[PDB]
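Working notes, structure below.
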Amino acid sequence: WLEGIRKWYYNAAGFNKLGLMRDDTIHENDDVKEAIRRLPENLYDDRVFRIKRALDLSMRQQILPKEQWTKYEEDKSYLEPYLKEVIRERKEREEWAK
Amino acid sequence: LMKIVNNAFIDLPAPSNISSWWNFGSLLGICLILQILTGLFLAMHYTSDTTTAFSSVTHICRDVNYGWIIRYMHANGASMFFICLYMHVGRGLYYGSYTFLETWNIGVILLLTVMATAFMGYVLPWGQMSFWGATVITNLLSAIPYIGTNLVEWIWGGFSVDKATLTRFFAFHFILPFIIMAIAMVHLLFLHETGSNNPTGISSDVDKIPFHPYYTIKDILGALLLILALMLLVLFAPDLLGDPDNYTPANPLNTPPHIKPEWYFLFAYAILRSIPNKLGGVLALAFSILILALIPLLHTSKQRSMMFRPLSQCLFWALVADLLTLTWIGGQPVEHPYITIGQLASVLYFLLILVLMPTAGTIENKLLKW
Amino acid sequence: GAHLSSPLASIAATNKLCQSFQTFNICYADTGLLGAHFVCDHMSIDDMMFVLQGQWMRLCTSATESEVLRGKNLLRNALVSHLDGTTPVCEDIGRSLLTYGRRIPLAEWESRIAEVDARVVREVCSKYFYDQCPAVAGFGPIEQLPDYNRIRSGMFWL
Amino acid sequence: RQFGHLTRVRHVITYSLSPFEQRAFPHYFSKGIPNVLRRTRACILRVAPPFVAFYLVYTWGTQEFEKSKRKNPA
Amino acid sequence: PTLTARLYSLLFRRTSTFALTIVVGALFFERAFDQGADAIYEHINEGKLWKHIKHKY
Ligand code: HEM
Ligand code: HEM
Ligand SMILES: Cc1nc(CO)c(-c2ccc(Oc3cccc(OC(F)(F)F)c3)cc2)c(O)c1Cl
């Protein structure tokens, strides 16, 4: 059985112990900077504050209490629609060039 | 007005979530200056000739007013240098800094500059390991076809190490740290277009802060522990790392039973020693270093760090063991119990880098659906 | 513009660093508030604060007598011109009888002022500015607003 | 690059205090040491076991080396 | 006032004084710290040093 492992790995990575989500921690590149530019305000600032406190707590090496941690079922994939939209345009931009 | 460049060093934006690891990135600025400062006064008395050199060392260790210190602040200082590197280099692996492609490659050329400098720095005093340590390392380039005998003779000024080959280094050696002093400024310049790279891997632009009050004192604190853990060696155990043989004068007609260069090659020397073939082990050596340039084409996870990759953590510190093994296994002679380990460990080194660290992110991308 | 007298003004007119700023002096029962308020584009906050702090240290240390008689002669034309009417008066009365107690006849303020010379200022500002623990506020694009430590380190000359 | 055009922030508030108005090392023993442990439990498992195995190959590597020099019954 | 506050407003307030203070304290500190270690070093190595065998010869 699989799904018992995704839920576990997501608990071992640490980034539920810092009030963060999954899309927060992504490596930033040109493909991603596009999407983070494309987000709406209500969600965008909501990205900022999740980061802005996780840093200050990776400073202290402290964490949040167990209650305020993040939960796997609540790991919203808010970025995926905006991202895959991009790489569609990228490969449309490349294969059209060939 | 040029002081405004020290916006780089005064009013710079940098993160707030920063460990004491990055102090190591700064100490080399101190070690590089501290070594030259010592070594300069040191070299007011050294002599680039055979007959007088080893005496010209003891001219310092005995007769000079506090000249005896400067040999050891320099020598063991050259070792606290590396101890920062092999925590500083392993860093970007574990925090994903090699992505700054314009910078990591510079992080190579500094290293190779040193590992051809420090080599020259061991051979100056003719310690009976100087000579053979010069012979063993330098002779390997003879492995090359059709030019090996020519270059090595060309750098041997003849047919083997002698008075000329000393003096060809003391000038090649008293110069390069300045070339490091310059290239180090380049190593910071490409950085200043992007700034540092947090442990998380996230652009912390929202939480960048100054540098004059905060990381300055922290660096001093970092520096203070260095001097502490450098005074201990010189004051309480200078004979620790440097092999004892280096106080014997050099004689080409008498080798020691056991040979090893200074301890820090040994992760790499052992790799060559594993391969019974001559040449095919060499290209592993140079590749044992230049592989670091090959890493950024092997960043699989769409994350950056390893703080958030527990599987790669299990493989990263594993690599540290294999190094700490190969650091030691080369330091011991050639016998059957150990050779079986070098054939494994040296392969493990190449193996963990080029197969499994990618493989983790190939998986960890899939455990989380991208 | 540039031809003004207060260096903090001529600079901000010259270099166009800001759009507006004002000092104050609020006073409560056994304490008060002394400082300033300023408004400027985000790319110019840190420059203003250095100048502001530069002046306080200048006044606590090097207060030119010629520059004192200005502020003395400035203050006189505040309290007076403030009291051009009845409502300002009746504030000053109804406020005086709960703060100081007695209302102060203006020829009493004047005598207190003429006691003030450059020796007193260098003592007063030393007591209430120099090396103290200020309070700071911010509301807007303050990406350049320096940290509290940098503010305090800029509080004392040398 | 410098402060002023890095990126955007909206509707966030910061509360910070002087150092003079506070002790330097508050709860250094009280809250820290539990935080050292929690810091430690989250790293120990994937840090040691290589180094643990090293202690064994530094162990067996010398013992098996010592024997080989001792003679055989022959 | 404590010693600390009496110490502040005399010395550690005016930076010109704050530098004058340090060389003073250092100038005397050099005179104590040497005497200390030289005696402790003498004490721990009692019966070994030259000054302890300086009278015989
Ligand atoms: C990263 C830079 C350098 C490294 C890694 C290095 C390496 C070394 C080492 C390992 C020794 C050991 C000799 C011993 O302990 O007996 C040594 C000695 C020496 N160093 Fe270098 N060195 C460096 C730069 C310099 C500099 C900058 C100078 C002069 C400014 C210098 C001049 C000397 C001399 C003359 C000796 C002979 C003294 C001796 O052998 O003890 N070296 N060097
Ligand atoms: C004398 C030699 C060196 C000097 C003076 C030097 C100096 C510095 C300094 C001051 C920093 C900023 C501190 C930090 O980022 O932690 C830095 C960062 C860095 N250095 Fe070194 N370094 C040296 C050698 C190396 C070597 C051998 C490498 C090998 C890869 C390297 C790779 C890096 C990288 C990748 C960074 C990235 C900074 C970040 O991730 O934020 N450097 N270096
Ligand atoms: C994040 C971060 N960034 C920077 C520079 O951007 C630094 C940093 C700060 C100051 C530096 O200046 C120095 C100081 C001494 C020797 C030195 O060598 C030299 F001079 F190039 F040989 C450089 C060099 C690097 C730093 O210490 C940290 Cl933690």
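Numbering, chain A: per Swiss-Prot, residues 13-110 in sequence.
The header says electron microscopy, 4.1 Å.
A Cβ is built for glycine as well, from the same backbone N, Cα and C atoms used for every other residue.
Feature list (source: Swiss-Prot):
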type	residues	note
MOD_RES	A:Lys19	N6-acetyllysine
MOD_RES	A:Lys78	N6-acetyllysine
MOD_RES	A:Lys78	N6-succinyllysine
MOD_RES	A:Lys83	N6-acetyllysine
MOD_RES	A:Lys88	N6-acetyllysine
MOD_RES	A:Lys88	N6-succinyllysine
MOD_RES	A:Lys96	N6-acetyllysine
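Structural mapping of features recorded in Swiss-Prot.
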residue: A:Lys19; record: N6-acetyllysine; Cβ within 10 Å: 14
residue: A:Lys78; record: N6-acetyllysine; Cβ within 10 Å: 7
residue: A:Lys83; record: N6-acetyllysine; Cβ within 10 Å: 10
residue: A:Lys88; record: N6-acetyllysine; Cβ within 10 Å: 12
residue: A:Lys96; record: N6-acetyllysine; Cβ within 10 Å: 12
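Measuring Cα to Cα from A:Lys96 (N6-acetyllysine), none of the modified residues A:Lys19, A:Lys78, A:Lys83 fall within 10 Å. Per Cα geometry, A:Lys83 is the residue among the modified residues A:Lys78, A:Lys83, A:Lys88 nearest to A:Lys19 (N6-acetyllysine). The two recorded residues, A:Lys88 (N6-acetyllysine) and A:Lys78 (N6-acetyllysine), show a Cα separation of 19 Å.
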